[PDB]
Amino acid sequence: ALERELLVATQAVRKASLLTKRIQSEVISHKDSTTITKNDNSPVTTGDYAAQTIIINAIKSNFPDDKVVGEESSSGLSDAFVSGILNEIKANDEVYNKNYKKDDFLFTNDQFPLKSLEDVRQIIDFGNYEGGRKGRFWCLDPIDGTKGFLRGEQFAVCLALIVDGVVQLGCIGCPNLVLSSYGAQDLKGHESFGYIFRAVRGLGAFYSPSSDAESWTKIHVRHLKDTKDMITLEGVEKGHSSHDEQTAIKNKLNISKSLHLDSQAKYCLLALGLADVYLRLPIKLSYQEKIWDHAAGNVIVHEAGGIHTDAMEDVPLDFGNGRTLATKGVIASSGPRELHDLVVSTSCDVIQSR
């Protein structure tokens, strides 16, 4: 099961990973024309939109009826802005097809040719599904960690398939990820556009350099015995999680090592066995996490042998509630259960002591 879906997800993420790697420096340099502010003041760039367009167009060319929950919308974009999205797509195609073309795989077809400004708008807006409890849908964050992208640091291209509220398939491109930065080994070909991580429920978790994406290496969480030796994974942006409460947890558990980076690349490092505990405590309890921020990681961490819950109740995440998660915060770990429950119960106690 899901063999065709896995191929499509992988190639879609692969092409978008090249585009976003290549753009990163020009967006930052031209970040007066390439960057828009959304209704919540968060940034969105030509890259986010271009990645969403490539990925949804590939999904639709292969699965015409499929539903997609994608973060971005084309509403209000000018023709000038949309022509820039199209240009970046076609510029990337010219590099990608010389070098990385996959035989017998289509990114576009007769019904979804991706030729005009109007095609771009239509494809972006196929991401307007609201999710829910029954049936099959794709879940897409075209650039997870846009603030990291803009900082020239880490970001991820994230695609998942949800069926009956459960994540069945996940694929995360980490285009700027260099494992030696974390003291670990890099694989042949990693330098051009990073790594892809993927998993299908029941079938294990794997990775490959993005430029390869043909030879897959199986991954698994590690198992350290004492928390004193462990490493946390946390975000960089102080407004996205409660860093001081995370520090309280670390101190209580005698953890003295942490890696800060943007995006679901954090789940990939956990699944690879390079750290032990992902912490994302909520600053404001009114916030509802978006499914696209966690869905691909959920199945990858599970298939790598880890555990994924909220930050307070210690319950599984429920991906059948619409666009958002109803629980508060997120914690993932290598397990075992006893370790995971120690962490989440500490998190609960810290939050309740406010």
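Numbers for residues come from their place in the sequence shown, where the first is 1.
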item	value
Of 133-141 and 175-183, the stretch whose C-alpha atoms average the higher B-factor in the entry	175-183
Stretch exceeding the other in mean C-alpha B-factor - 166-174, 93-101	93-101
Residue, from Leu117, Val200, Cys268, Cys158, that the PDB entry assigns the highest Cα B-factor	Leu117
Residue with maximal Cα B-factor (values as given in the PDB entry) among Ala295, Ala326, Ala311, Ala50	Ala326
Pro316, C-alpha B-factor rank within chain (lowest, middle or highest third)	highest
Entry-reported Cα temperature factor of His302, expressed as the chain third it lands in	lowest
Third of the chain's Cα B-factor distribution that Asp276 belongs to, per the entry	middle
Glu237 CA temperature factor, ranked by third within the chain	middle
Chain-wide C-alpha B factor ranking for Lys15, given as lowest, middle or highest third	lowest
